[PDB]
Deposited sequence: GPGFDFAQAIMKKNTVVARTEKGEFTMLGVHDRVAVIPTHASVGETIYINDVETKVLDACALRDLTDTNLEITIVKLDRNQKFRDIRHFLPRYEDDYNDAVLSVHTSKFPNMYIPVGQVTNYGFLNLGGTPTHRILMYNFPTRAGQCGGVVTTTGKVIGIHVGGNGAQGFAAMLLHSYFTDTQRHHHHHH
């Protein structure tokens, strides 16, 4: 069976509704006041979290050493609540996965779970014309409004949903080394 119980506990405590100029996205909180959102959401200086306008204190659009989009943007928010630290649920390496759950938390869909089946390390994807790397694939007709959706197996948060074409769906990997504590001018 899919890990429905695990997906639920991640959604209860570590998701919020994020709204940018592009619209609403499920947003996974990872630790403290640090969360993720698809890069194509176009995060700016402020963002709405659960319909509350919130200062975006930092935003890092991840790219790899080939200078290629990874479709993950990490944000640091000015909010009073800390997110439960779930970094230990993150995969250390790239991997293929069995029988995963995709979970959405938006205004339209406050609590919804989609078993997407097997998830394979896809690698390169031309995402809406942007070369992208480190992509996970599932053969499932995901749909508009599900970007940012959290992809889990039991015990692991493996990525967030970033696109699809009516036949397959795609998530950007989440790796533990993206959120370890570490001087670097990054803007």
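Asks: Where does the structure fail to cover the deposited sequence at the C-alpha level?
Replies: In sequence order, the gaps with no modelled C-alpha are 183, 189-190.
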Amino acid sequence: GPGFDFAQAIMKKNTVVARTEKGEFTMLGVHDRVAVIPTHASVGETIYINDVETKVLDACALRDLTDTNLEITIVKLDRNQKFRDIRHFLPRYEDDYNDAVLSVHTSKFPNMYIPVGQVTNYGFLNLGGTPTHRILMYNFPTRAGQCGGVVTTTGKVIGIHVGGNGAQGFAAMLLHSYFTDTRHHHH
From here on, numbers count along this sequence of modelled residues.
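Asks: Mean C-alpha B factor from the entry: is it higher for 123-131 or for 142-150?
Replies: So the stretch with the higher mean C-alpha B-factor is 123-131.
Asks: Determine, from the deposited record, the chain-internal third of the Cα B-factor for residue 118: lowest, middle or highest.
Replies: Residue 118: CA B-factor falls in the highest third of its chain.
Asks: Is the Cα B-factor recorded for residue 40 in the lowest, middle or highest third of its chain?
Replies: Highest third - that is where residue 40 ends up once the chain's C-alpha B-factors are sorted.
Asks: With respect to C-alpha B-factor, does residue 15 fall in the lowest, middle or highest third of the chain as deposited?
Replies: Bottom third by C-alpha B-factor.
Asks: Which third, lowest, middle or highest, does the CA B-factor of residue 60 fall in along this chain?
Replies: Answer is highest: the recorded C-alpha B-factor places it there.
Asks: State the tercile, meaning the lowest, middle or highest third, of residue 50 with respect to the CA B-factors recorded for its chain.
Replies: It belongs to the lowest third of the chain when residues are ordered by C-alpha B-factor.
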